[PDB]
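First, one chain by itself: the form deposited in one PDB entry, in structure tokens.
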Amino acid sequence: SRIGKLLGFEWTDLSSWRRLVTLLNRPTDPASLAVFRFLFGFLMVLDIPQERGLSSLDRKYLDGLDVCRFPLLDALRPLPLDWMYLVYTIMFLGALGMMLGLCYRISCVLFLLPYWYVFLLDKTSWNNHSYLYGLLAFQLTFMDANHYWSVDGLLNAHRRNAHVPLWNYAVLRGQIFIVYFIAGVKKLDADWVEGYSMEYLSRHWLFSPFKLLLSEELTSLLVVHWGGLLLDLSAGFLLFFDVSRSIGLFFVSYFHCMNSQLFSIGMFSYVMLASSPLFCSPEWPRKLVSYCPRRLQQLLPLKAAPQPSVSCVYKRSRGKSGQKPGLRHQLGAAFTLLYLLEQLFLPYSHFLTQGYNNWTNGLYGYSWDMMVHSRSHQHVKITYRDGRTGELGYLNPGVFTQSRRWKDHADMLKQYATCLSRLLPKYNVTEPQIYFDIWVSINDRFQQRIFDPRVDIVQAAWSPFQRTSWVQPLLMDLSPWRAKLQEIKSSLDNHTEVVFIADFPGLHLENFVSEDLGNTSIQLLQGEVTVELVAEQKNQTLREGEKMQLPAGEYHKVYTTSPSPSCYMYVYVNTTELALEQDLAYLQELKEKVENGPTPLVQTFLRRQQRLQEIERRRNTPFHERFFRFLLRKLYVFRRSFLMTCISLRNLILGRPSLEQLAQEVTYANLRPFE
């Protein structure tokens, strides 16, 4: 029975449906599940005001503001602001009751339904950790997590210290393992394994110890990328097995503790840290409280033999023969199997939802592809054609949007175009044709268009299950250029910038070089292009290698005339910045020399000196002051959440008092308690 001790079960337990049900409903200690429930509820209580947007609800759902929203289904609409505050209140109460274990089933539902409603209301708020919170709440809804360390058991003794079925731990462990393993498999991407995804990250001071034995490139490639990929691929296996659990726990704890400081990912790292002990024995909190000194052993509740529970069946040789598997047991086993199968399948289901497939696969948030794809957006142009007069106009990129994710997804772009066509009549624009010229570089590739700029997105066809025709393909046979691009970028001066552009055949780039962008040049790297100067109506054909100087404050056009995609460079200098810096340096040096033996230009120098002095002082300032400031900001966020929620709840229950009273209440809500 070596396999039995290594796995927790035997091969005979999987040879029949009845034995699988019996194994998956075997009684288990609920202490570990209870501690995880308490910690998850606490972290959700902390996260509702911060990341879920309770503190900025009045800004996001203002009751008269023109805004383009991006729900998963267009039939889903946000409620008025007071009702949105009620939804967030119900979600917060559900999180409170989940953390406490009080009215656990109702509290689970009361957190789950508004949480998923808020999730589906806005596709642009989707990420992997919010999706994980939804999944964890869904799982915990069906579990007996209030059998320990809960006030439900403190007000009802039968629920106290009652055993839970084994599938409660199996589903959660499978979820955590799936997160780790699918993240690792998604990191088996050419961009990640070649160190392109997160190449700036190694220069964080938290990676200093590795630099005592590695170079910058080596710690970027081996530690951040290969190290992260190995950790993701091996964390579930290390945590599952008893022999490797201490090492796995240490590595996973280090991973999450570094991630909490490297990134702003809400409470994800703490949720994963709290999920790690789910792989330990279900009795570990009991051992932890039994290892304490005897002086603190008379106030905690006595640790006795847990009582039998009805939620799980008992199979004994002496204690009767056995009992038939009840409907609840089969339902739990089937839920375990089906849910884990769905969790395995969904990250690789993008071949069905082709309409959500851009350069990357699917909507972001449920594939566990964290930090794999980095996007740099160079420029967005939104042009409309008036359907009545034929006049061409241009919109500010993102007028009525609260997010930038529409730049990368054809579904969000279609929603944005529909919203603009609905809203622009209010701005004296008849039925508009709207075109999008969006330039993106993904993982330091050539900047290129993601959508067809000649296609009217208002009338363009989009379907969930069909690949979008107006999405430009990613120029994959140009990635090996990245080493050369990086060499060019690092081989430049400190005042010059470079933009690398790849353009499709038959298309052209209309460019207005700013007046202050003197010394602007274009150099061809691949294919052939024709550069047209609009003012002089002159076309000069470029070949591979030649560089052309371009005028500032004037228009020019780059036509890709080659049958294959062309790549060219833009090297430019902020010449006004050069003049400003040289005159500022000369003025400062002359003044210093005269003294030792106001105007905006000197105002900039004074501001820079003051900022440098403040930065130096803050570095010299003890971290207790920084901690106090951080706590004050968080307390402001929580106080504002509470006060605006109270205002809206009173509006719902009693009514709106008056404009003056509401204004005074809102002013008091933003008071910045102790600044």
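The first residue of the sequence shown is number 1, and the count goes up from there. Between two forms, the rigid core is the largest collection of C-alphas that superpose within 1.5 Å.
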| query | finding |
| --- | --- |
| Gap at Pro551 across at least one third of the other PDB entries | no |
| Missing coords for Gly174 in a third or more of other PDB entries | no |
| Unmodelled stretch of the deposited sequence separating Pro293 from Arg294, binned as none, 1 to 3, 4 to 9 or 10 or more | none |
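Although not depicted, the form deposited in another entry is the subject of the following passage.
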| query | finding |
| --- | --- |
| Displaced residue between the shown form and the other one, judged on C-alpha after the rigid core is fitted, out of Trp205, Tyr200, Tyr291, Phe250 (threshold 2 Å or more) | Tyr291 |
| Cα displacement of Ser321 between the shown form and the other one reaching 2 Å, rigid core superposed | yes |
| Exceeds or equals 2 Å, Cα of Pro301 between the shown form and the other one, core fit | yes |
| Flag for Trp116, CA shift 2 Å or larger between the shown form and the other one after aligning core | no |
| Distance direction in the other form for the C-alpha atoms of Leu302 and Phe42, relative to the displayed form (3 angstroms or more) | closer |
| Relative Cα spacing, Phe36 and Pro301, in the other form - shift of 3 Å or more | closer |
